[PDB]
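Presented as structure tokens, the chain that follows is alone, the form deposited in one PDB entry.
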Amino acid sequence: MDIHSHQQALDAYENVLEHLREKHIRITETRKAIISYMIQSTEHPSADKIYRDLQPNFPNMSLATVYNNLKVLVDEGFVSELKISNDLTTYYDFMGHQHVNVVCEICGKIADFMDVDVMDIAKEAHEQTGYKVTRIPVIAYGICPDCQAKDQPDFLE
């Protein structure tokens, strides 16, 4: 979506929850499960696939529940509906962003930026290693604009 900040670092999962809280959308345990499922998914599952995979942990989950949750995620801009030719089945893919800190090596001042790239790292990590990716903590380092304008320091951090 549009470039913005929540004034703190948030991974993909925590970002979704923050956005949903901002909109006063209730965060059920089922909703958390579906978000995490979609984030971890290394394919583009149908509604039925999501339903079948989460069914054991959630006996009270129905296909309607999955549709309801996907509707929220698609509208709030964290999941896209994809199509394959000749197939009428809708497939879903998580592409939601995250927010990453950049820390000044000299003064320690922190800024944050919106990232959509680490999820692509997660996909490549899975494909090339076979690992089911759990987390990719990322922190950037650099020189803040104010420190760029000053002379070279005698010490860092």
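Start at 1 and count along the sequence shown; that's the residue number.
According to the PDB record, 82-90 carries the higher mean C-alpha B-factor of the two stretches 67-75 and 82-90. Of the two segments examined, 123-131 and 24-32, it is 24-32 that shows the higher average Cα temperature factor in the deposited entry.
When the C-alpha B factors of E43, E105, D112, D115 are read from the deposited coordinates, the top value falls at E43.
Sort the chain's modelled residues by C-alpha temperature factor and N101 lands in the lowest third, per the entry.
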